[PDB]
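# Descriptive analysis of the structure
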Amino acid sequence: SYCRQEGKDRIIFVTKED
Amino acid sequence: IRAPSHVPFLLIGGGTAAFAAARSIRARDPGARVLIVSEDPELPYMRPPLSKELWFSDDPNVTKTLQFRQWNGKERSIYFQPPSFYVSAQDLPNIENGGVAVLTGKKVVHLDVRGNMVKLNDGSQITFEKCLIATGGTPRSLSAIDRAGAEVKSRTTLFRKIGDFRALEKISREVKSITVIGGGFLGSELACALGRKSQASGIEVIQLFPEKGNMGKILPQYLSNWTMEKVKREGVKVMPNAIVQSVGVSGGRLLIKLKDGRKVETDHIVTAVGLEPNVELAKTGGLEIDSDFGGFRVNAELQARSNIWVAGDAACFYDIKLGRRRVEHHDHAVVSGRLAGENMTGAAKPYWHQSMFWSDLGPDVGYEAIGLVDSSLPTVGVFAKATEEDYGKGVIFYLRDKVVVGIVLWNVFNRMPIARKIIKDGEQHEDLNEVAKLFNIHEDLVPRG
Ligand SMILES: Cc1cc2nc3c(=O)[nH]c(=O)nc-3n(C[C@H](O)[C@H](O)[C@H](O)COP(=O)(O)OP(=O)(O)OC[C@H]3O[C@@H](n4cnc5c(N)ncnc54)[C@H](O)[C@@H]3O)c2cc1C
Ligand SMILES: NC(=O)c1ccc[n+]([C@@H]2O[C@H](COP(=O)([O-])OP(=O)(O)OC[C@H]3O[C@@H](n4cnc5c(N)ncnc54)[C@H](O)[C@@H]3O)[C@@H](O)[C@H]2O)c1
C-alpha cells in the first residue's frame, strides 16, 4: 500500500493481496 | 467530373469524421444521398497507422500498398473502404438508393449559412438540406522554423497526410540524423517509430520538447518521466526542457540552438507541436469559435445552427457530464461523426457515449484513456508492485472536485467499459484504491496492441 503524495499527483502501489 | 448542384447531405471535409457521419446517415436513413467534399485527393483513410502500424510493416512495399496487420493479426488497408464502394458525384442525385460520393481535390471556400449553400474553390456551388463541417485541423508550425530561411524551411516536415508518411519514410533511409521537435502524441509515436527503424538503419533519432518528460500535457510527472525513459530504450535521444531559439544551416546540416544553450546538429526536422483546427469557413458563415478551446462552438448534440453540425477535431461540443471541450482523437472523430449523422437524420440525441484514445510507445508503453485526461489535474495512480519504481501497469484517475473525470489504463487492456462506467457515475469515492481493484490490475488480462 506504499502511498506517497507528490504535489497534485498521488501514487499508490499495491501488491495484489486483498 | 461535374459537381451536383444540390444534394440532401453535404459533408465538408472528407476525413475520419466525414466517413462515420455518412455511414451513420446511410444507416439511419437508407437510400440517403451523401456527398463528401474533400480538399484532400485521397479518399477517406485513417491516420493512426501513419505513426505506428505502417512503420512496423515488414513488407517493404508498405509505402505503396498502405496495408498493415491489426493487433489481431488480420491484414487491412488504411482506407475506410475501396473506391468501388463510393458512387460518383455525377451519378449521386440519380442512382437508386443514393449512396456516398466523394469529391476529391475540392475545397469549400464559403458557407452560405442563410441560403444553405456552399461555394467551392472552382466557383461551383452546391446547395444542401443538411450539412456537416468535419474540417478536422492542420498541424501547428514551430515559430522558430517559420522565421528561418527557406533552406531550413525546405528541410522541415509536419505530419498528418499520407504523403507526410511516404516522404518521411524516404527521408528515414536518406539522412543520418532526424530530430523531432515536440513531445506530443505524434511526437513520441514518430520518435519511437524512427527509433525502431534505427535498430537496423542505425540512424540518429533525436526528440526534444519543453516539458520535463514525454507526453507532459496528459501524463503526471512521475509517469511522464518514466515514459520518457521507456521511449529512450526504443532508440531515441530525448532532450526534455528544450525551448528552441533558432534553426540555421551549419555545415550543410540543420543546427538547432536552444534557449538553454545546447546545440543540436541534424539533417532533417519534423515539428509535432500540436494541431490548429481548420475554422476557415467560420468567418464566411458567421459561426462561433470557442475562444478558449478553439474549433467551432457546437451544443451538446454537435449542432451549430439549424442545418449545420460539426464533428471530429474541429468541433468544440458540450459534454453534458465533463463540460465543454474539444477533443482531437480518432475514436472521437468516429463517435462524434456517428452522432452528427444521427442528428442530421433527426435523432437529436446528445453526446452521451464517451470517445476514447490509445497510444503505444514501444512494447513497454500502451494505454487506453477516456474523458478528461490532462496532466494539469490532480491524479491518483494505482500501480502493481512486485510480488531499485515499476509503473509497468496500473490505472490513473483524474480528479476535479473529488470526482473522476478522466482515466488512463496503463498497460491494462480491454477494460475501457469499466472505466467508462466510472466516468458516467462520477461518484465522490472516499478511496480510489477500491475503485482500482475493479480493473484487476495485477492480473495478466489481455495484451491487445
Ligand atoms: C499520424 C497520426 C496518428 C494518429 N493516431 C491516433 C491514434 O492512435 N489514436 C487516436 O485517438 N487518434 C489518433 N490520431 C488523431 C486522429 O486521427 C485525428 O484526430 C482524425 O484523423 C481527425 O479526423 P477529422 O475528420 O476530424 O479530421 P481529418 O482527419 O484531418 O480530416 C479533415 C479533412 O477535411 C479536409 N478539409 C479541411 N478543410 C476543408 C475545407 N474547407 N474544404 C474541404 N475539405 C477540407 C482536410 O484536408 C481533410 O481531408 C492520429 C493522427 C495522426 C496525424
Ligand atoms: N495516440 C493518439 O491518440 C494520437 C497519436 C498521434 C497523433 N494524435 C493527434 O495528432 C495531432 C498531432 O499531435 P501533436 O503531437 O502534434 O501535438 P499534441 O497536442 O499531441 O502535443 C502538443 C505538444 O506540443 C509541444 N510543443 C508545443 N509548443 C512547442 C514549442 N514551442 N516547442 C516545442 N514543442 C512544443 C509540447 O511538447 C506538447 O507535448 C493531435 O490532434 C493529436 O491528438 C493522437
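Cut-off values and rules
- Residues numbered from 1 in each chain as written, not as in the entry; some residues may be left out.
- Chains lettered and ligands numbered in written order.
- Heavy atoms only, no water.
- Near = heavy atom within 4 Å.
- Polar contact = N/O pair within 3.5 Å; in protein donor to acceptor, adjacent residues only side chain to side chain.
- Areas by Shrake-Rupley, 256 points an atom, 1.4 Å probe, with all protein chains shown as cover.
- Helix = DSSP H or I, 4+ residues; strand = E, 2+ residues; numbered from the N terminus.
- Contact = heavy atoms within 4.5 Å.
- Salt bridge = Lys/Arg side-chain N within 4 Å of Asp/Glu carboxyl O.
- Nonpolar A, V, L, I, M, F, W, Y, C, P; charged D, E, K, R; others polar.
- Buried < 20%, exposed > 50% of the residue type's maximum accessible area, 1.4 Å probe, protein only.
- Pairing = 2+ DSSP bridges.
- UniProt positions renumbered as here; feature names shortened; annotations may be inferred.
- Axes fitted to C-alpha atoms, helices over the stretch in contact; angles between N-to-C directions.

For this deposited structure, the header cites X-ray crystallography as the method used and 3.206 Å as the resolution.

## Remarks on the site of ligand 2
Residue and element names in this part refer to chain B. The full set close to ligand 2 counts 23 residues, and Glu189, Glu211, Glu328, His329 and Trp358 are the nearest of them. Contact between ligand 2 and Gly183: an oxygen atom at 3.0 Å from a main-chain N or O atom of the residue. Expressed as a share of its isolated accessible area of 850 Å², the protein-covered part of ligand 2 is 81%. Broken down by secondary-structure element, the contributors of at least two residues to the shell around ligand 2 are α6 (185–201) and β24 (356–361).

## Remarks on the interface of chain B and chain A
On the chain A side, the residues contacting the 23 residues of chain B number 11 residues. Joining chain B to chain A, the criterion identifies two salt bridges. As a salt-bridge pair, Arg4(A) and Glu389(B) come within 3.2 Å of each other at their nearest N and O atoms. Across the contact surface, chain B and chain A share 13 residue pairs in polar contact. If one sorts the elements of the side of chain B that touches chain A by residue count, strand β26 (residues 379–384) of chain B sits on top with six residues.

## Quick word on the site of ligand 1
Residue and element names in this part refer to chain B. As a matter of local geometry, ligand 1 sits amid 36 residues, with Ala17, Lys52, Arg160, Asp313 and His330 nearest to it. A distance of 3.5 Å separates an oxygen atom of ligand 1 from a polar side-chain atom of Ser38. Among the secondary structure elements, those contributing two or more residues to the shell around ligand 1 are α1 (16–28), β2 (33–38), α9 (330–345) and β24. Residue composition of the shell around ligand 1, grouped by class: 12 nonpolar, 13 polar and 11 charged.

## Examining the pairing of strand β16 (residues 263–266) of chain B
Residue and element names in this part refer to chain B. Judged by which residues are buried, β16 turns out to be one-sided: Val264 and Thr266 face inward and are buried, whereas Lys263 and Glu265, on the alternate face, are not. Pairing analysis gives four bridges linking strand β15 (residues 253–258) to β16, with the strands arranged antiparallel. Looking across to β16, one finds that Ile256 is bridged to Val264. In this antiparallel pair of consecutive strands, β15 and β16, the connection spans four residues, and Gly261 shows a positive phi of 120 degrees.

## As for the environment of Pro83(B)
All names here are of chain B. One can find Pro83 in the loop between β4 (75–77) and β5 (99–104). You can call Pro83 exposed: its relative accessible area is 57%. Taking the C-alpha atoms as reference points, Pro83 and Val118, separated by 35 residues in sequence, lie 25 Å from one another.

## Some thoughts on the UniProt feature "binding site: NAD(+) 1" in chain B
Residues and elements named next belong to chain B. Residues given the UniProt feature "binding site: NAD(+) 1" here are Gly183, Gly184, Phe185, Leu186, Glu211, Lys217, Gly274, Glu328, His329 and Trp358. Note on placement: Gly183 falls in the loop between β11 (177–181) and α6. Here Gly183 is in contact with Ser188, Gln207, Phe209, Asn214, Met215 and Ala272, once residues within four sequence places are set aside. Within the secondary structure layout, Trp358 lies in strand β24. When sequence neighbours within four positions are dropped, the list of residues in contact with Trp358 reads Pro48, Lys52, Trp71, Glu189, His330, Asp331, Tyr367, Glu368 and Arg448.

## Some thoughts on the pairing of strand β8 (residues 125–133) of chain B
Residue and element names in this part refer to chain B. Across six bridges, the pairing between strand β1 (residues 6–12) and β8 is parallel. Within the sheet, the bridge partner assigned to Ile12 lies in β8 and is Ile133. With three bridges joining them, strand β7 (residues 117–120) and β8 adopt antiparallel strand pairing. Looking across to β8, one finds that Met117 is bridged to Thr127. Here three bridges tie β8 to strand β21 (residues 308–310), and the two strands are oriented parallel to one another.

## Overview of the UniProt feature "binding site: NAD(+) 2" in chain B
All names here are of chain B. Listed under "binding site: NAD(+) 2" in the UniProt record, and renumbered for this structure, are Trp71, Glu368 and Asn414. Those residues within four positions of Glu368 in sequence are excluded, and the remaining contacts are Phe357, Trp358, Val408, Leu409, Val412, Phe413, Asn414, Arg415, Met416 and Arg448. Turning to its location among the elements, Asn414 is positioned in the loop between β28 (404–410) and α10 (416–425). Setting aside chain neighbours within four positions, we find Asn414 in contact with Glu368, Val446 and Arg448.

## Some thoughts on the sheet that holds strand β1 (residues 3–6) of chain A
Judged by pairing direction, the sheet is mixed, and its seven strands sit side by side in the order β1(A)-β2(A)-β26(B)-β27(B)-β28(B)-β25(B)-β24(B) without closing on themselves. Each edge of the sheet is formed by a strand with only one pairing partner; in this case those strands are β1 of chain A together with β24 of chain B. For this sheet, the mean angle separating the axes of adjacent strands, direction not counted, is 15 degrees. Bridge count for β1(A) against strand β2 (residues 9–14) of chain A is four bridges, and the pairing is antiparallel. What sits directly across from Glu6(A), in β2(A), is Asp9(A). In the packing of α10(B) onto the sheet, the strands contacted are β24, β25 (365–371) and β28 of chain B, and the crossing angle to β28(B) comes to about 165 degrees.

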